[PDB]
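First up is the structure itself, then whatever we jot down about it.
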Amino acid sequence: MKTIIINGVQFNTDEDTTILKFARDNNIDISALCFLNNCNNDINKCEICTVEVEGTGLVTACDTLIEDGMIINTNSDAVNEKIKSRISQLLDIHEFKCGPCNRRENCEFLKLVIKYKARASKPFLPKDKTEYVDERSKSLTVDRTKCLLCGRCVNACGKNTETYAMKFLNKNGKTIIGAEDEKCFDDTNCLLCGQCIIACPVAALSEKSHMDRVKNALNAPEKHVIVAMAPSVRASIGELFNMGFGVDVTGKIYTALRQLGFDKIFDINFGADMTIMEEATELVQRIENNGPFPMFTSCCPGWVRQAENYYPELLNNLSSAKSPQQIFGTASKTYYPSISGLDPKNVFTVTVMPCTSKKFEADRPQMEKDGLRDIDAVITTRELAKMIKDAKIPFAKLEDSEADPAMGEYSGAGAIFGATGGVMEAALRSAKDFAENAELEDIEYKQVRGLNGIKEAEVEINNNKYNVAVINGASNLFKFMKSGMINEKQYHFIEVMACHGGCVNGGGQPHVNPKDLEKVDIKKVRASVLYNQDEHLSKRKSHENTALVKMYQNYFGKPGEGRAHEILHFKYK
Ligand code: 402
Ligand code: SF4
Ligand code: SF4
Ligand code: SF4
Ligand code: SF4
Ligand code: FES
């Protein structure tokens, strides 16, 4: 048992950890910036975590182990002068104009400037940001006037995806971050998954705005503007309204969307029940067809890009069912006019997504029919929050309202889509019923839930055993393939999400303070809202969705055939 003194207080512990981790395990205030995902900016360490060790001098707390006899001072003048200097030198390369900034309310660097009363040696007042801004992508943007060069996005890309699509670059003898060869991210192997945004402590990385599309549509008197939110939005957007973590705010969202002027309040969970209808039907067809196996899910656009960029040989094995977003959009321009009288050309369909990659998917040229886009605009969870705040809507106290049912009702199978393994579980609930011509009461598939990187299970379907796998994160897709794990057995159905934890941890989600991430399992607590909804919903199978059944009976017919096969499917070449 080593004995250490921090700020004159004695500690006796048996732990082998850093000074930073021990301090925040014992409520001792140590600042940090570049340390995230268990790694600091190995090159160009920010040194904001500086503490003093007697007999040693100034050290970085985030990567220095505690030792016996250590005497630490976290708040001496020499320490605070050094930290203040590092922040001051960051201010020298930082456009400190918080008023119109999209991180004004939850910025890690503003918090540090205030804490240490840091002050630039010369204010950075760039006069034309076009040199600093890259908005070429359909999903991501870069504003380098805010970039601290802390490396958190580069480390997060490598850790979360193993593509290293975010790189340090040498541009005119100066270090920047960007895509390979400073190209548009879309034109590289980048998945557009936005995990680099999530890792960013400032507004140097953002989603590509679709707020112009939405604003103009709401202002056009002939446009009838539909809005529909992803599963995960209702389990996360309250974090940006001081409501805490894990709060179900579904009903408040419906009310806020009406107060914003949208003409119909639907739900992408209805599209999730559609995807299950088509995809579970396809799985049964492949089973009766003895292949081809495996079938991969096709609903994650980051996974689709990963397949396109790294495993093109797998593209024909992707399910032909459109993603819940695109399958909903297709039906919004065809079935919805048939029950409303709207001119299809005047319908404007907006989705709210926890995801930046969904903007690329919606803008794919072939994602349209008769000149009408499936989906006209995609705003992130963060974008909707700003929308509500700009309209001065008191979100935290809104009364609950319901969705418009026609394309708004959803089963519990659709509700869990946002968590890793949720698509797999939802698909199995319908597929087993379909294949066995039965109504089975045992529907919970806990074996595919959870935060394990690769999850596998053996399922019995119509007196035969099948192998399924759930791949939780793009880096785990690489591991699954490169290790030969896809060859330990014959796999028949495989779910892939590019974001660890599923869509609840998507690239369009609210940022979380690094000190909140050490105390809150954000993947688990956001997902728990969705699993709770499934528990309490009166329908827990996608093919039991009353409004969906009515849509197929009156308009699309039976899944996988005819009209459904005609327009609700999409294949990648
Ligand atoms: N389309 C679609 Fe999906 C559905 O429903 C979302 O909206 Fe997802 C979420 N939340 C996102 O982004 S995509 C991948 N499959 C799981 S969930
Ligand atoms: S990134 Fe932060 S410190 Fe910089 S202008 Fe925006 S809110 Fe202010
Ligand atoms: S873009 Fe953000 S995460 Fe990346 S180096 Fe700049 S400040 Fe750090
Ligand atoms: S969007 Fe995803 S794949 Fe692309 S650079 Fe960012 S983290 Fe990497
Ligand atoms: S897991 Fe979800 S949030 Fe992440 S890239 Fe895929 S669809 Fe988007
Ligand atoms: S947080 Fe320790 S060197 Fe950056």
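According to its header, the structure was obtained by X-ray crystallography, 1.5 Å.
Placed from the backbone N, Cα and C atoms, the Cβ positions cover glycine too.
As given in Swiss-Prot:
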BINDING   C34, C46, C49, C62  [2Fe-2S] cluster binding site
BINDING   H94, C98, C101, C107  [4Fe-4S] cluster 1 binding site
BINDING   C147, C150, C153, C200  [4Fe-4S] cluster 2 binding site
BINDING   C157, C190, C193, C196  [4Fe-4S] cluster 3 binding site
BINDING   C300, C355, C499, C503  [4Fe-4S] cluster 4 binding site
BINDING   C503  Fe(2+) binding site
DOMAIN    1-78  domain '2Fe-2S ferredoxin-type'
DOMAIN    78-117  domain '4Fe-4S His(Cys)3-ligated-type'
DOMAIN    138-167  domain '4Fe-4S ferredoxin-type 1'
DOMAIN    181-210  domain '4Fe-4S ferredoxin-type 2'
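On the structure: features taken from Swiss-Prot.
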residue	record	contacts (Cβ under 8 Å, 6+ apart)
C34	[2Fe-2S] cluster binding site	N40, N41, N44, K45, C46, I48, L148, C150, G151, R152
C49	[2Fe-2S] cluster binding site	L20, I30, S31, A32, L33, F35, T60, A61, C62
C101	[4Fe-4S] cluster 1 binding site	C107, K146, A203
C157	[4Fe-4S] cluster 3 binding site	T163, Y164, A165, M166, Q195, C196
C300	[4Fe-4S] cluster 4 binding site	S323, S357, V496, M497, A498, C503
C355	[4Fe-4S] cluster 4 binding site	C193, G194, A230, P301, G302, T380, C499, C503, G506, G507, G508
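Neighbour counts were taken as the number of other C-beta atoms within 10 angstroms of each residue's C-beta; across the binding-site residues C190, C499, the minimum falls on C190. Separation of the C-alpha atoms of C147 ([4Fe-4S] cluster 2 binding site) and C190 ([4Fe-4S] cluster 3 binding site): 20 Å, rounded to the nearest whole number.
Ranking the binding-site residues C98, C153, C200 by Cα distance from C190 ([4Fe-4S] cluster 3 binding site) puts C153 first.
Contact annotation for binding-site residues (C62, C101, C107) versus ligand 2: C101, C107, each with CB under 6 Å from a ligand atom. Around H94 ([4Fe-4S] cluster 1 binding site), the C-beta neighbours below 8 angstroms that are at least 6 residues distant in the chain are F109, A120, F124, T145, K146, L148, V202.
Its Cβ placed at the centre, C193 ([4Fe-4S] cluster 3 binding site) has 32 other Cβ atoms within 10 Å. Among the binding-site residues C157, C196, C200, the residues whose Cβ lies under 6 Å from any atom of ligand 4 are, in sequence order, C157, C196. In this structure, the CA atom of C153 ([4Fe-4S] cluster 2 binding site) is 21 Å away from the CA atom of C98 ([4Fe-4S] cluster 1 binding site). Taking a Cβ cut-off of under 6 Å from any atom of ligand 6, the binding-site residues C34, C46, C62, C196 reduce to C34, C46, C62.
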